[PDB]
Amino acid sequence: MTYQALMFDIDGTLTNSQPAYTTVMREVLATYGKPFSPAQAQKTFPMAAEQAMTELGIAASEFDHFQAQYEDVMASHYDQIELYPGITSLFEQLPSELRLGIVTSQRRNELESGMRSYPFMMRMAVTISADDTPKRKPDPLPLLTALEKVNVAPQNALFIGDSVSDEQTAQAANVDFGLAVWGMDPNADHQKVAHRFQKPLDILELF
């Protein structure tokens, strides 16, 4: 017996977005008088925004403005973001019986502008963005909301991503986690998970 649903994170899993993130964050951070090293980019990329801005020492009163700037600049950089190789092939081969979806911390506007053009998005049964529930990963609510919308129980779902936040979301939700090893997150790699996928097409081995 295998899964009825696969839910995916976007950043570091479907899209190779760390380079664009790096450029955009550096640009925002300059307006707060701060540099942004490669080390800092690697460290903060997989974090929830609230954690990352805390880690970077942003004044807590400025968080909402910082995030607005980030979203504004990022909307000019989608062409700097490509899918990981194998992702398009993966979505051609996954069984049509699956309920596929997305659970992301991206705002809806960003999700739409950045993703809506990819043909594989037509296969998504549900997309949950930051705008669709009052809680954010690693709270389980966004994952559980997605699964309720496709009528699949937590035991019959796999959440595929490459962050500790995603891992904690899944654990909290009682949903199995599938590690996208190709995202190369150092911390996510050390957690015990249900499945580890070296490359995207390895997901097909579940079916």
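In this text, residue numbers run from 1 along the sequence as written.
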Which wins on mean Cα temperature factor, 83-91 or 115-123? 115-123
Please compare 71-79 with 96-104 and name the stretch with the higher mean C-alpha B-factor in the deposited structure. 71-79
Could you say which of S61, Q168, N174, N156 has its CA atom at the highest B factor, as listed in the PDB entry? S61
When the CA B-factors of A146, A52, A39, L179 are compared as recorded in the entry, which is the largest? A39
Modelled-residue ranking by C-alpha temperature factor, third containing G33: highest
Compare the C-alpha B factor of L201 with those of the other modelled residues in its chain, then answer lowest, middle or highest third. middle
Entry-reported Cα temperature factor of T15, expressed as the chain third it lands in: lowest
Grab the CA temperature factor for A48 from the record and place it in the lowest, middle or highest third of its chain. highest
